[PDB]
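Residue numbers (our numbering): 17 to 88.
Structure follows, in structure tokens:
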């Protein structure tokens, strides 16, 4: 249906893993630090590619604010 590339699928798996442990979605600092990104704008660009294909809503304003929608 809508296929995800390997490093954007690592960003999507950290969103599902923090909801399964805590209830809530992660910050853009947790996505850059826990997966291992040298520039935090590369973690933000893979998060934008997940919203542009159609799998998440980025709630722009809330720090822990990424709502899980679709995969397939």
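Every residue gets a Cβ at the ideal spot worked out from N, C-alpha and C, and that includes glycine.
Identify the continuous alpha helix (DSSP H) that holds residue 61 and give its terminal residues. The residue you call residue 61 lines up with position 45 of the chain shown. 56 to 69 is the extent of the alpha helix (DSSP H) around residue 61.
To the nearest whole angstrom, what separates the beta carbons of residue 51 and residue 30, a pair I think is in contact under 8 angstroms? Residue mapping note: residue 51 aligns to position 35 of the chain shown, counting from 1. Residue mapping note: residue 30 aligns to position 14 of the chain shown, counting from 1. Residue 51 to residue 30, Cβ: 6 angstroms. Contact.
Round the Cβ separation of residue 84 and residue 35 to the nearest angstrom and send it over; I've been treating them as touching at under 8 angstroms. Stepping through the chain shown from its first residue, residue 84 is reached at position 68. Stepping through the chain shown from its first residue, residue 35 is reached at position 19. Going by Cβ atoms, the distance from residue 84 to residue 35 rounds to 6 angstroms, so yes, they are a contact pair.
Tell me whether the beta-carbon of residue 18 lies closer than 8 angstroms to the beta-carbon of residue 75. Start at 1 with the first residue of the chain shown, and residue 18 comes out as number 2. Start at 1 with the first residue of the chain shown, and residue 75 comes out as number 59. Going by C-beta atoms, residue 18 is not nearer than 8 angstroms to residue 75.
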